[PDB]
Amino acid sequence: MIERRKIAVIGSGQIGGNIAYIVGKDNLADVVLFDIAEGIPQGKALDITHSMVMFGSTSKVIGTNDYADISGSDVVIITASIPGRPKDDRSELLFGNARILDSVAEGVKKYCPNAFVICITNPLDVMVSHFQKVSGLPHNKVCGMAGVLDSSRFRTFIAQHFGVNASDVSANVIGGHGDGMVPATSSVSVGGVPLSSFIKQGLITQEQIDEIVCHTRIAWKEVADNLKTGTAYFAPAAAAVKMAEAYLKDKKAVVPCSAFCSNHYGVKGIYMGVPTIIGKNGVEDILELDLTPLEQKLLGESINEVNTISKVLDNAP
């Protein structure tokens, strides 16, 4: 008995609304846009419902403040967060967003415990870890969106240098979504050609690569300082939809994201950004990148950042 796919978006602010809009435009699923703020999800859903006939989609998009409406959701995307952009570090939202997730975790557990959950709420790696702990869902059914956005940014910057289509740049960012993220230049390729080759050829300099690595690392502040009123939300929404697609269409897509890693990268059971294979059973596998010693070390420092914020959360007021 064919049933329409259903995605619940918890939090209907900037990112949440664009997720709804893109999912409906692609006719990927019906969408349930959930928020505790009166009127916001309802009006965004009505406005998006009107664009449906324009896109040729028959997806249904409704607004709600009732967890009961997310029952049967195949995928839950969590964007809910306290207000205001982080001033210097995504960690500043730690205390407030962990409380919100406790609440979202109760709604999920009761209305759609078999859903694939994708967290977006910052500080990402720690929020995903917190969510999985308080909700009790299987590790492979809970992951965080970050890698796809960090890697799209790294691929884009590399592509803008060489003047080529970014889809032809292969490049991963691993580790937690924060200042210590590791854009792995060691395995970047452009049409099959490694960066070491472009250096010999004289078409890119190590300094140029270094600037790309840095740009990647603090790209969030560049966008946030220009928007003034908030942080990025167009690409983070497209990234969440790519992850939801991988699950709903059982793609076996290789997706860098925050996933529970306990056997690769020399860690034994932590959520962090790694290349995963996503399909109908959620995170189905993690791939082992070939890191240089210097990279294995920068990863090591990333992991410590994650552990530190995490201990801080464990000792919250």
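Start at 1 with the first residue shown and count on from there.
Relative to its counterpart among 150-158 and 223-231, 223-231 has the higher mean temperature factor, C-alpha atoms as listed in the PDB entry.
Of the two segments examined, 49-57 and 276-284, it is 276-284 that shows the higher average Cα temperature factor in the deposited entry.
In this entry, the residue among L124, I118, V108, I174 with the greatest C-alpha B factor is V108. When the modelled residues of the chain are ordered by their C-alpha B factor, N27 lands in the lowest third. Ranked within its chain, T185 lands in the middle third, by CA B factor from the PDB record.
Per the PDB record, residue ranking by Cα B-factor puts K6 in the lowest third of the chain.
In the PDB entry, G269 places in the highest third of its chain by CA B-factor. In the PDB entry, a CA B factor belonging to the highest third of its chain's modelled residues is recorded for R217.
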